[PDB]
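# Summary of structural features
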Protein chains: 2
Amino acid sequence: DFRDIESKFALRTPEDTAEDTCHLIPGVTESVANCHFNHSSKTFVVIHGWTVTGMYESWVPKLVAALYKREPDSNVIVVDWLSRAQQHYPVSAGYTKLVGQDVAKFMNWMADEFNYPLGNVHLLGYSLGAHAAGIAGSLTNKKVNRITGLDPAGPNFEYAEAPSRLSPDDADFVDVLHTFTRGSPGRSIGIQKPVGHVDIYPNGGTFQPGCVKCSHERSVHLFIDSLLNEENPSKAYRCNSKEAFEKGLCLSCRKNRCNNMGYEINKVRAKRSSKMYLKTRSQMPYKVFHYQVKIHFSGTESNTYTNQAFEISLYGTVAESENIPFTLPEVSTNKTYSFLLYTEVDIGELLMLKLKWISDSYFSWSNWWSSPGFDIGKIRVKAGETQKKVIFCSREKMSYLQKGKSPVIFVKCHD
Amino acid sequence: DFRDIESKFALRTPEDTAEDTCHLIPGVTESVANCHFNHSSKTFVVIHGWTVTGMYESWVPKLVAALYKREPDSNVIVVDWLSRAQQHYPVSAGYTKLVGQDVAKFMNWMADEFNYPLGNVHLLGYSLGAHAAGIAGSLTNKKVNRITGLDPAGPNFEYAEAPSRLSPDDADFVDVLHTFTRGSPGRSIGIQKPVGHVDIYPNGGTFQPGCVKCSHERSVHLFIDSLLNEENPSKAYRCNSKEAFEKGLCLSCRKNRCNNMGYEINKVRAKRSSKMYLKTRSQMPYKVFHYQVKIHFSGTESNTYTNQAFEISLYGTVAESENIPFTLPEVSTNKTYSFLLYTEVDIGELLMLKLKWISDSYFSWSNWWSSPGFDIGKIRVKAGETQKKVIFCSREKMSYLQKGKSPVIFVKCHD
């Protein structure tokens, strides 16, 4: 052996939940005999990240079961961070480059022991483990092809240098998921910067409101539910900022302005640190569909903004939605607005649109159980997947805005 | 003069509400000078019917306004029943044939005074006036072409002879409207027999539930709203009985099994005293659309009938309906039922069907807020107008019957 590794190794098997089946000893010894290894196989390696107490991360069994059922003949290896974990948090950040040197010796081992092509390997991890993976990928003699960092750490790595962090040149393709950008960068965990080729801000990137501490457990749950549901990947959209995407002007994707999420990013490289966006549900598998609208208003009386309590329903060929309350901070005459539609079901082909503006909490009455209304019609839509430039229309009576008991309907017409 | 008429005559004008403008004196005197008459015109004559007190029927101004706006250059003439009215009710029935002889001398007058072709005249009336009109049409030397009797009388004319009543041979085409067949034939007003070529039983023919006495008054209202709305006549359907039509097996009209109502009966004669049916609304103009359904049930558990509290909604291209509660006295597994859909609006082309079986009054709970349900799908429909043999289908989840909060949806499919 060259550098005596203190971290114990474990090449895991699908018949293993939360223990070690086969320990791979360091040094150039027997490796394929005790631990099963296939050269014509997939090698996805993980790093256990920062643990405050002495505990192995409880989400490993569902993890290794998910990657083993997703890909047969898989070589999954985990390292023990607890050999150099139970110390101070910046001191653990100091030990990140030593464990990076350890995994550096690891992928330098079979580079000449087995002469691996290193074009079929995967490296992934979270918190300080993803940072050590980025350091190791920065060190690499032969450039690694893929890395999916999960939710990284915070105030230890502030304006650090590129070999000491994740970088686009650290791999052929770098992906990252900032679940938790909430709070101060110098205090809270999470970096507010597009550190990789692509970066994700799920549920706005601040925090998932499902409510444990709910910051990296999400980042592994959406990844495992992305890789299980391989036939319908979640479609992320390139945009400029959080609120610009929330208004919904970044859902065209006529050119490369949108891509998938999770395991398959469709192998698009040479990126300019662009911002890529999603919304998500909470505690059911996360395949939220997206839609954007182009609403039109009219009226010569020129009334102004009052309230944001509006609800809309949707009926379609495949499924149905009851009601989705939303918030529009500006509403007036002769103006076009837009807001996002996040749906838990696949509506599919469209027939008609249902609208219910009761506003029961925020000014339902408005001085005669009715508001001074506008005339609403010619609402256009755009689907978050593929393209749908279709034209709708309204009818005569229910184009008027009315506060409470207002079942406004819409209808498709093509002429 | 041959027979000195006691009834005063009035050839009415559109500038007349409830009075006499021009009195036409009896006997062969001047007739076209004082009262305006055009030979190339339409002559629709009326008879004021039975009045308990001394009163001219208050619905004459809207009547004569409606026939004058419907047909320009119209010769409308009314007689005074009050000359021989204010006596006993069978004694008034005795005077019906004397006023029939009076109007007999009337249409025998210009048969040789002006040599009228008598193929452009109309005779109409109600209560005993329609009976006297039938007697006069039975007497006629040249056969009259048209008569629209309104709601006739009751116990005076029970199993009477054909010259003493309305009959198919009394005219070329005889129409009648039994609004009120409720009660005993020997006590209540109204005959329970197809006295004419066609007969109508509106709202089942018992009574219109709009709630005055609400009987004959209703009759004249549906006739005037039929003649005002000439572009969309109410479509009556030939059937066998009241409940057979109420179940809805008489709405095909592939052959002559349906016709219009009001003024225009499409000139179909030589009838075999068939029963012809309608439903109607109350105190708005009466153009109720009709639909019939072919619902299918399934299930091997073989559950039986419990309740009849079901509600259904309809969404379409043109309009919408909120909910229409109905009653089905038999519901079970693997059985096909049918019930009528009476709508106040024109739904038009169809997209999808909405069903809400809350049954909040009649057993909404059913021991766990849910009932042991059936699987429902493949519902066919048939429009009351023209034909619509279209095929629909259901989806996977909401085919199950559930008591309360049950938004069952349906979808059109053609493959």
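Residues numbered from 1 in each chain as written, not as in the entry; some residues may be left out. Chains lettered and ligands numbered in written order. Heavy atoms only, no water.

In the nomenclature of the PDB entry, chain A is known as Lipoprotein lipase of Bos taurus. What the PDB record gives as the title of this entry is "CryoEM Structure of Lipoprotein Lipase Dimer". The heading Sequence similarities in the UniProt record of chain A holds the text "Belongs to the AB hydrolase superfamily. Lipase family." (UniProt positions renumbered as here; feature names shortened; annotations may be inferred.)

Bringing empty space enclosed by the protein into the picture now. Within this model, the largest cavity holds a volume of roughly 710 Å³. Forming the walls of the largest cavity are 41 residues, and the residues nearest its centre are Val 45, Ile 77, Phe 106, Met 107 and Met 110 of chain B. Those elements giving two or more residues to the lining of the largest cavity turn out to be β1 (9-12), β2 (42-47), β3 (74-79), α2 (89-113), β4 (121-127) and α3 (128-139) of chain B. Broken down by element, the lining of the largest cavity gets its largest block of residues, nine residues, from α2 of chain B. Tallied by class, residues from the lining of the largest cavity come to 28 nonpolar, ten polar and three charged. Put simply, the parts of the chain that give the lining of the second largest cavity at least two residues each are β2 (42-47), β3 (74-79), α2 (89-113), β4 (121-127) and α3 (128-139) of chain A. When grouped by side-chain class, the residues that make up the lining of the second largest cavity number 19 nonpolar, six polar and one charged. (1 Å grid on protein atoms, 1.4 Å probe; cavity = no way out; pocket = protein on both sides within 12 Å on 5 of 7 lines; lining within 4 Å. Points joined across faces, edges and corners; volume = space filled by probe spheres on them. Helix = DSSP H or I, 4+ residues; strand = E, 2+ residues; numbered from the N terminus. Nonpolar A, V, L, I, M, F, W, Y, C, P; charged D, E, K, R; others polar.)

Time to look at the interface of chain B and chain A. Listed per partner, the contact involves eight residues of chain B and eight residues of chain A. Summed over both partners, the interface of chain B with chain A comes to about 700 Å²; 73% of that surface belongs to carbon and sulfur atoms. Considering only the side of chain B, the residues that lose the most area to chain A are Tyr 315, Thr 317 and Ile 409 of chain B, jointly responsible for 41% of the buried surface there. Where chain B meets chain A, there are zero salt bridges. There are zero residue pairs in polar contact connecting chain B and chain A. In terms of residue class, the side of chain B that touches chain A is made up of four nonpolar, one polar and three charged. (Contact = heavy atoms within 4.5 Å. Buried area = accessible area lost by both parts, 1.4 Å probe. Salt bridge = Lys/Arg side-chain N within 4 Å of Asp/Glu carboxyl O. Polar contact = N/O pair within 3.5 Å; in protein donor to acceptor, adjacent residues only side chain to side chain.)

In this section: helix α4 (residues 217-228) of chain A. Residue and element names in this part refer to chain A. Compared with an ideal rise of 1.5 Å per residue, which puts twelve residues at 16 Å, α4 spans 17 Å between its outermost C-alpha atoms and is within 8% of the ideal. With eleven of its twelve residues buried, α4 lies for the most part within the structure. Residues of α4 that are buried: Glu 217, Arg 218, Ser 219, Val 220, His 221, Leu 222, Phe 223, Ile 224, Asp 225, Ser 226 and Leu 227. (Expected span 1.5 Å × (residues − 1). Buried < 20%, exposed > 50% of the residue type's maximum accessible area, 1.4 Å probe, protein only.)

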